[PDB]
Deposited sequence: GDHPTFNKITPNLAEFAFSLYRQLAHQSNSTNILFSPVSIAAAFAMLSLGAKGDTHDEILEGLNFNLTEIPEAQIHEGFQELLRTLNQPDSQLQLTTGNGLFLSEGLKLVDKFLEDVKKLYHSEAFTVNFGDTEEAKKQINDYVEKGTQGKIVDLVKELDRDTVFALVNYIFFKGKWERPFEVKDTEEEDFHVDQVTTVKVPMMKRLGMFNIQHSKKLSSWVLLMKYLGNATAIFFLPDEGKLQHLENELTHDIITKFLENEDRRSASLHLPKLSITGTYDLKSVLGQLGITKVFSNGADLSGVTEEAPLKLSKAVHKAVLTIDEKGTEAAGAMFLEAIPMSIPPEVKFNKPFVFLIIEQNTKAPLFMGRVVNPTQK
């Protein structure tokens, strides 16, 4: 029912998330476990030795157990599913290599075949123009959604990696725009701010979890994906974050039971931008960014390290995700008081690709206006 690497990606998702959440309980979090992991597993094709092994271990692959071919086969199938589609996910990874380097052909080939990805040569002698060309690539690829991604380069940069994802999904069962109104969002136990709040009375895949002390909502998107939202009980955000597991999430995803509920969900447009050298360094991925990097799969003659690595994720949630008329359907709603479930205080979510079950996004909203 799942890709061989899905459990690893879930662990990586939680490792990275918990790292961000450990530092700050006031920040929104948004990133793609999948896009980041695929960017580094792609990179590992050009790496050898400890350089190579740290990357894959830092992505939660135990190399004593999982053969490398299974890793790359895993990613190749997952990325194929994302490029095939009503989902209209946009994800891209660009490698930007000094045009003075003699590049190994097999690497350029592998980056194409396995990772459906792009390698470019640039003149890092002109720092500003290199930055422009990198940022124009990302801008072009996001049809303008992501601008000025890279703000600066080290003067000694010879290799940069930029990884982006943008998604605005379309609910299978959408909200009515007429019902969206400004509501309070409880940023803390004594403070609110106003946000646009969508609402619907409907038959939802929704339940309360005593294990997680949270409400758990699953909503399907058109195309191959599902959003799962977790609404912690009062004072239980940290508990929620600590108790998530792959096996718990999998059991939610397996449940198809629906019950009536009055759902309030904010209309969101949120982003996360991360320096991957910093964030993956804390996960143990260090050598590839250091002078001792073994990237002889990329270039044989010359020293090479990854100078710059950036991720940016953008997610939009709204009523429909499209101007198009939806498929018409009727839900039978019982004559009984539905629970009111309001995503009007900090919550956690994941977005899951349905064929593979892989975690396309993981995030937290603590303030929709940050």
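Extract from the deposited sequence all ranges with no corresponding C-alpha coordinates, numbering residues from 1.
In sequence order, the gaps with no modelled C-alpha are 1 to 4, 89 to 90, 377.
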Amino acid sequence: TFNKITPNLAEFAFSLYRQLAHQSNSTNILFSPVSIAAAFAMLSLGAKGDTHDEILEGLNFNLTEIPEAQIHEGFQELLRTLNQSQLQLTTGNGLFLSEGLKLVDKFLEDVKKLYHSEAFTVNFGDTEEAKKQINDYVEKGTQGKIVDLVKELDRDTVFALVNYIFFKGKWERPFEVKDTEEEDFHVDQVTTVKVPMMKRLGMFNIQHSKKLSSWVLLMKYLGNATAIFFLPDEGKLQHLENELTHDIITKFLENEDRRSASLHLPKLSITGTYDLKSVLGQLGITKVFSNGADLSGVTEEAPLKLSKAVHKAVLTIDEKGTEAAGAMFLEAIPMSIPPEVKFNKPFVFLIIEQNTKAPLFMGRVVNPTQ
From here on, numbers count along this sequence of modelled residues.
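Averaging only over Cα atoms, indicate whether 245 to 253 or 146 to 154 has the higher B-factor in the PDB entry.
In the deposited entry, the stretch with the higher C-alpha B-factor mean is 146 to 154.
Compare the mean C-alpha B-factor of 206 to 214 with that of 112 to 120 as given in the PDB entry, and name the stretch with the higher value.
In the deposited entry, the stretch with the higher C-alpha B-factor mean is 112 to 120.
Tell me which of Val314, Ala309, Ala37, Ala324 tops the list for C-alpha B factor in the record.
Most elevated C-alpha B-factor of the set, per the entry: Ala324.
Per the PDB entry, which option out of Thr64, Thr51, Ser32, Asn28 has the greatest Cα B factor?
Largest recorded C-alpha B-factor: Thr64.
Ordered by C-alpha B-factor within the chain, which third holds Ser24? Give me lowest, middle or highest, please.
Highest third - that is where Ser24 ends up once the chain's C-alpha B-factors are sorted.
Going by the entry, which third of its chain does the Cα temperature factor of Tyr137 land in?
It belongs to the highest third of the chain when residues are ordered by C-alpha B-factor.
Taking the values exactly as deposited, rank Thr299 by C-alpha B-factor within its chain and report the matching third: lowest, middle or highest.
Top third by C-alpha B-factor.
C-alpha B factor of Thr180, ranked within the chain: lowest, middle or highest third?
CA B-factor rank for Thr180: middle third.
C-alpha B factor of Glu340, ranked within the chain: lowest, middle or highest third?
Middle third of the chain for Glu340's C-alpha B-factor.
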